[PDB]
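Single chain ahead, written as structure tokens, the form deposited in one PDB entry.
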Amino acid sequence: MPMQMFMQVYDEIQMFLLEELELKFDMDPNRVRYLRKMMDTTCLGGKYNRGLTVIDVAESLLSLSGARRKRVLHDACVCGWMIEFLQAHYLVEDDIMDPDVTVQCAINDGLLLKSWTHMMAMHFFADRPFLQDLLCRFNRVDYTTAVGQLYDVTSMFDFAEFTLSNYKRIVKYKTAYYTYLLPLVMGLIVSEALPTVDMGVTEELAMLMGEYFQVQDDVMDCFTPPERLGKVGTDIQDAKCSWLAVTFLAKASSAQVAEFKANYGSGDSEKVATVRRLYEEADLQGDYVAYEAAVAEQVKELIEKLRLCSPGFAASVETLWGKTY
């Protein structure tokens, strides 16, 4: 029922965006169908975990607080697609990083997806009292992610920033603010329950779940094979500031660091194999299990602290925590 409603609102959002281009933007049907195929290619495909979280938060607050129910659940789907659309916007900008007409259309697709988030927000929420407050928080979170992508890309151009605290800063700005905080806030805004929750504990629960997911995603990037992971692990070649790197540099000898600095960030499949060997000679996967368990306990405890002031909110957070755990 939630997913069935989510894809139905996608038809409602896509119809408005394309018809507006046909009627009020003087666009020919050829480019209109071109944008339909482009929208479905970029927005549809993933698991929609960021969007469906907004719905799960909204349905918990209306029943754990008749015509008002249909409005909030509809606003949640529009807010959920705002994230999925902006998620596709960043993914299109990633394909560029990896008279040419296929690159010009790629940049244009990224600008349109970003613009469509404002169009659907200024439309379905034109009469909502939170349109001005939602767009401001939505922009700063988009600003935060662009800043976080600067922390991550320039993590080796200025090993001085290979610290567990800087790793927290990257995951916080690059990932945690858009995955584990943004959908929770948009669920409280459509339900008109934003000031009725502990934002400090909500923020604290957001960064910890991002730390839990990013660390697990770094171990799978290095150890899970490409057929079981679904992608080719390139964090070692890209010299990324992963959890495996900052943990290795702390418990490695002065030689294992020198052998690490001479083999890290190289495309040689044998140097990367020498880096994976050092990661296992350091028993990092042993520390990986205990590290996630420590963060997992902090998640379970902070859910109870937010439960004393927001009972129905914690039920949705436990569901979001169950997705990563």
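For the two forms, the rigid core is made up of the largest set of C-alpha atoms that agree within 1.5 Å on superposition. Sequential numbering from 1, following the sequence displayed.
Chemist: Checking the other PDB entries that cover both flanking residues: does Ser65 lack coordinates in at least a third?
Modeler: That residue is missing from at least a third of the other compared entries.
Chemist: For the stretch from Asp127 to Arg128, please bin the deposited residues that the model skips: none, 1 to 3, 4 to 9, or 10 or more.
Modeler: Missing residues, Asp127 to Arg128: none.
Chemist: Which fits the stretch between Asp98 and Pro99: none, 1 to 3, 4 to 9, or 10 or more deposited residues lacking coordinates?
Modeler: 10 or more residues lack coordinates between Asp98 and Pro99.
Chemist: Would you tell me which stretch averages the higher CA B-factor in the PDB entry, 279 to 287 or 45 to 53?
Modeler: Of 45 to 53 and 279 to 287, the stretch with the higher C-alpha B-factor average is 279 to 287.
Chemist: Which is higher in the entry, the mean Cα B factor of 190 to 198 or that of 80 to 88?
Modeler: Averaged over C-alpha atoms, the B-factors run higher in 190 to 198.
Chemist: If you check the C-alpha B-factor for each of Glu292, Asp28, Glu270, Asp40 in the entry, which is highest?
Modeler: Within the set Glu292, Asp28, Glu270, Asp40, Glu270 shows the top C-alpha B-factor.
Chemist: Going by what the PDB entry lists, where does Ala258 fall on CA B-factor within its chain: lowest, middle or highest third?
Modeler: Middle third, going by the recorded CA B-factors of the chain.
Chemist: Lowest, middle or highest third of the chain for the C-alpha temperature factor of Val219?
Modeler: Its C-alpha B-factor belongs to the middle third of this chain's values.
Chemist: Compared with the other modelled residues in the chain, in which third is the CA B-factor of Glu20?
Modeler: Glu20: CA B-factor falls in the lowest third of its chain.
Chemist: Comparing against every modelled residue in the chain, figure out the third that the C-alpha B-factor of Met156 lands in (lowest, middle or highest).
Modeler: CA B-factor rank for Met156: highest third.
Chemist: When the modelled residues of the chain are sorted by Cα temperature factor, does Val103 land in the lowest, middle or highest third?
Modeler: Its C-alpha B-factor belongs to the middle third of this chain's values.
If you look for the form deposited in another entry, you will not find it shown, but the lines that follow are about it.
Chemist: Looking at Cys105, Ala146, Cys136, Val153, which has a Cα shift of 2 angstroms or more between the shown form and the other one when the rigid core is held fixed?
Modeler: Meeting the 2 Å or more criterion is only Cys105.
Chemist: Is there a C-alpha shift of 2 Å or more at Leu21 between the shown form and the other one once the rigid core is superposed?
Modeler: Superposed on the core, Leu21 moves its C-alpha 2 Å or more between the shown form and the other one.
Chemist: By the 2 angstroms cut-off, has the C-alpha of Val32 moved between the shown form and the other one once the rigid core is superposed?
Modeler: Superposed on the core, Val32 moves its C-alpha 2 Å or more between the shown form and the other one.
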